[PDB]
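What follows is one structure encoded as structure tokens, with my remarks underneath.
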Amino acid sequence: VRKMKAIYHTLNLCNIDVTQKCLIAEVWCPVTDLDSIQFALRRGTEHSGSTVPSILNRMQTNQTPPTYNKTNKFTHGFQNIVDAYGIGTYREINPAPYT
Amino acid sequence: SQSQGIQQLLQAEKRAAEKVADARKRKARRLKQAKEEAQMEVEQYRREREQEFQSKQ
């Protein structure tokens, strides 16, 4: 149920189309993730009975993104003590590998 | 090109809106036609009944 709520919350964070009872949503994701997502989208739409193609259109325009740093069980702690000082500029040199 | 896809979908929705309003207009036309034909049928029914009456008479 908590997950259900989470889903509905996310679904609220969208724009409702007028032409068709469809929603358009924007996500910020790297290409690696975008390929994984396209595959995920096929899986998702396949679970839904309508198998809607669900087109995701890449945006050429770039909007100041959040900073995504991949960490693991060991390096996560070091990234946090970096983040404690501040979140680095997008495409900034990450100090954590040196920390 | 998402903005173009969206505008093309808007155009499709506009056409859908037109196609249904047009269907409602036809519905109205068909109803009036139904009334006119009905009266034509009544006049023919009366004709048949009149012919039968005179034969019986």
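Ligands are numbered from 1 in the order shown, chains are lettered A, B, ... in the order of the structure tokens, and residues start at 1 in each chain.
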List as JSON lines every residue of chain B that is in contact with chain A, defined as an atom at most 7 Å from one of its atoms (using only C-alpha atoms), together with the nearest atom pair and the distance in Å rounded to one decimal, sorted by chain and then rising number.
```
{"residue": "B:2", "atom": "CA", "partner": "A:57", "partner_atom": "CA", "distance": 6.2}
{"residue": "B:9", "atom": "CA", "partner": "A:19", "partner_atom": "CA", "distance": 6.4}
{"residue": "B:10", "atom": "CA", "partner": "A:19", "partner_atom": "CA", "distance": 5.7}
{"residue": "B:13", "atom": "CA", "partner": "A:19", "partner_atom": "CA", "distance": 5.1}
```
Give me the residues near residue 29 of chain A as a PyMOL selection string, where near means some atom within 12 Å (using only C-alpha atoms) and where sequence neighbours in that chain fewer than 2 positions away do not count. chain A and resi 26-27+31-38+56+58-59+62-63+65-68
Quick one: pull the distance between atom CA of residue 78 of chain A and atom CA of residue 64 of chain A, Å, one decimal.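 Calculated distance between atom CA of residue 78 of chain A and atom CA of residue 64 of chain A is 24.6 Å.
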Determine which residues of chain A DSSP labels as helix (DSSP H, G or I) from the backbone of this structure, then write them out as an NGL selection string. :A and (2-12 or 31-47 or 76-83)
Between atom CA of residue 57 of chain B and atom CA of residue 42 of chain B, distance in Å (one decimal): 22.0 Å
